[PDB]
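Have a look at the structure below before the remarks.
Derivation of every value follows stated rules applied to the coordinates shown; laboratory data play no part. A quick note on method: Cβ atoms are made from the backbone with ideal geometry, for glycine too, and the neighbour counts reach across all protein chains shown.
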Amino acid sequence: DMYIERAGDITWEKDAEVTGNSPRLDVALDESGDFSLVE
Amino acid sequence: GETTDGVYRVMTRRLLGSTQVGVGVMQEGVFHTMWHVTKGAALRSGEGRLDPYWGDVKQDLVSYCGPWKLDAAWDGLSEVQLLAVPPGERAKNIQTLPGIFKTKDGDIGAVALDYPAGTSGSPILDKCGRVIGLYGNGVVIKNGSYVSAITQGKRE
Ligand SMILES: Cc1[nH][nH]c(=O)c1CCO
């Protein structure tokens, strides 16, 4: 049995930690909702 | 139960202790999460009950108490923020420039940030604080890294 608990407001934080790259990938999406790489 | 707008953890007491299986967004009285988090099961909020209203395994999304309300989209140019809510840890904003998932049916924004599975459902926001999608359905690329789609539903 699942339950929910509040974790915070949804707001943009000025001067948040900036990380992560921006890859451009060819992908496929199957009927089960699973993404996979296309090569 | 609690219906204030905001981000929420999705918990279960079925396994050892209390385990966080995911995250979701409450907006306009509707709770939005990813299908793989709840598998369409009913949810509890205090003494109240939330029943599923719409869901789709292929989109990997589900809404409770009403139809999907989130309709903002990534502009394809700007940095966004993942409002990550990891298991047992405080909510934290991470800013990033999304990459792209190119599919036979069009392009989708993607966030190259790696968090525990129980973080699935965390919202990705634009500079106006609007939810442009949920984090947690993606792919593992060559170097073993994780890249999530920016998954957004349709507002009827
Ligand atoms: C398997 C899975 N689904 N969503 C997630 O965030 C993960 C773990 C990768 O950090």
Return the loop-located GluC sites (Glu not before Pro) in region B:44-111 (DSSP other than H, G, I, E, B) with at most 11 other Cβ atoms within 10 Å of their own Cβ; answer none if there are none.
B:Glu47
Taking the Cβ of B:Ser45 as the centre, find all other residues whose Cβ is under 9 Å away and add up their charges (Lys, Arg: +1; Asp, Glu: -1).
-1
Can you tell me which of B:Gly136, B:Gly99, B:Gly118 moves the most in a GNM of chain B? Springs connect C-alpha atoms under 10 Å apart.
B:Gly99
List the trypsin sites (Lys or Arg not before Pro) within region B:20-128 that DSSP assigns to loop and that have no more than 10 neighbouring Cβ atoms inside 10 Å.
B:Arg90, B:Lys104
What ranking of B:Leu82, B:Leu16, B:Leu70, B:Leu97 emerges when the number of other C-beta atoms within 10 Å of each C-beta is taken as an exposure proxy, fewest first?
B:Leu16, B:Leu97, B:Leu70, B:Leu82
Neighbour cut-off at most 14 other Cβ (10 Å), DSSP loop, trypsin sites (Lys or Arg not before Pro), chain A
A:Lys14
Per the Kirkwood formula on distinct C-alpha pairs, the Rh of the protein assembly as shown is how many angstrom?
16.7
Report the full-extension gain for the segment B:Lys142 to B:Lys58: residue separation times 0.36 nm, less the Cα-Cα distance, to one decimal in nm.
27.8 nm
Mind checking the alpha-carbon convex hull of chain B and giving the volume per residue in Å³?
124
At a Förster distance of 45 Å, what's the computed FRET efficiency of B:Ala72 paired with B:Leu16, Cβ-Cβ distance as r, to 0.05?
0.75
